[PDB]
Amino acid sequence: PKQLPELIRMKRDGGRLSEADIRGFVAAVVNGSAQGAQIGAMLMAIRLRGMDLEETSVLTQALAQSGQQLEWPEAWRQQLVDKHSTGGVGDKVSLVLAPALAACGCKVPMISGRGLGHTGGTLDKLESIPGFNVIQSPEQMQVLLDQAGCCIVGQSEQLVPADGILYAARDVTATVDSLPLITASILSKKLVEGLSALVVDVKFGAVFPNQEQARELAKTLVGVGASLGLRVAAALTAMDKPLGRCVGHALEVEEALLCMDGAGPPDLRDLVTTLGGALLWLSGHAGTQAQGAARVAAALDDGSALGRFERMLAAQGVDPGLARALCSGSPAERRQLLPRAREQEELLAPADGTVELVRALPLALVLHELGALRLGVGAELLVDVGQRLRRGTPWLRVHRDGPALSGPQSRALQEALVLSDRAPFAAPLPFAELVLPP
């Protein structure tokens, strides 16, 4: 066995770590021996010197094996699927898609995570629901799949514990945007789920603003996935604007419910059907993308996705009365049942103009500031792309716990808003492009 400083050095000098090296490190992360500073140091060493595919693969196997591998009754094998995102602002697609897919006859044991970087995390969003518990054991997860068809749980002592520790550390040390670290973090989770098919939404324009990097991530997820016996596909989607109208935790549960009522914004609905469709096709439950997309759409419209979501909530510890009130309530009734912020503040158009877009990144940065978790904090987009607005009309409603937005943070959000002199137009739908295993 080598000590940590020796193995850090091996990577710091451009060297390739063996399998016992990788496992030694990971196992030290798990037991407490790798002190915080050594974890920060190795993460930065990997971030800057990289890993090649053999190494990423082993990293993935090692995080996967720090906890239990999950097992299901043979009868579920071909129905087990999942959808993971590499992250986008306002992306609440997972909240909708896990129950929608359960209502199409899939079983979905989603292991997901918390806020990472400036993208928000599904786990933090679900936690805005009083009594929703993300820590769920393997036995308990089998009961969740029985009752609801799906669940959304975090990493823990028994599931990928090492990815939870490395994940929390990356968040604060600028080692989030590492291809091998992302690949091993996503794939490790999905490997322990014992899936027949996985689709991963890779966004750009997002953790890798550049189209070139996103493609490399996509083929790395897919290639590394395929070598570990996982049928993976990736979608590349340009998200320079937030998905839908909401960014937050409670606000995004609210809008995901709107989507599950068969309403909500068209871009959120479009990506839910596109991505679930793709997944149904890949898993062999739909013959084509359009057939798949329509199966998922029908679940959003007939109330059945919503019904699976209510089962999921109650099964993960939400009081049953409260789950019913949430799924059956009106938009207004849902806003009173879920965290609100202490106060709300609207921001006003500076001049006449046509909304070209709201920029995702300035918005996420400011809300991470105000979010620093507070589950009612967030923002609400009051205008659409293509809309012509006049001077003075509200365009953002920020839900905040602290004081009136400062001069700075106000200017910073105001830069998010991009107006042209272009004639009004209808808001186009988001971009998608699949990537398969070669």
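Quick note: we count residues from 1 along the sequence shown, nothing fancier.
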- Note on the structure: As the entry stands, the deposited residues without coordinates between residue 205 and residue 206 add up to 1 to 3
- Query: When you step from residue 372 to residue 373 in this entry, do you jump over none, 1 to 3, 4 to 9, or 10 or more residues of the deposited sequence that have no coordinates?
  - Reply: 4 to 9
- Task: Could you settle it for me: does 188-196 or 255-263 have the higher average Cα B factor in the PDB entry?
- Result: 188-196
- Query: Of the two stretches 342-350 and 272-280, which shows the higher Cα B-factor on average in the entry?
  - Reply: 342-350
- Of 94, 213, 128, 288, which one's C-alpha B factor is largest in the deposited record? 213
- Which one of 359, 334, 368, 324 shows the top CA temperature factor in the record? 368
- Query: Within this chain, which third does the Cα B-factor at residue 83 fall in: lowest, middle or highest?
  - Reply: middle
- Message: Using only modelled residues of the chain, where does the Cα B factor of residue 417 rank: lowest third, middle third or highest third?
- Response: lowest
- Task: Taking the chain's C-alpha temperature factors as the reference, tell me which third residue 237 falls into: lowest, middle or highest.
- Result: highest
- CA B-factor placement of residue 378, once the chain's modelled residues are sorted into thirds: lowest
- Task: Looking at the entry's B-factor column for C-alpha atoms only, identify whether residue 77 ranks in the lowest, middle or highest third of its chain.
- Result: highest
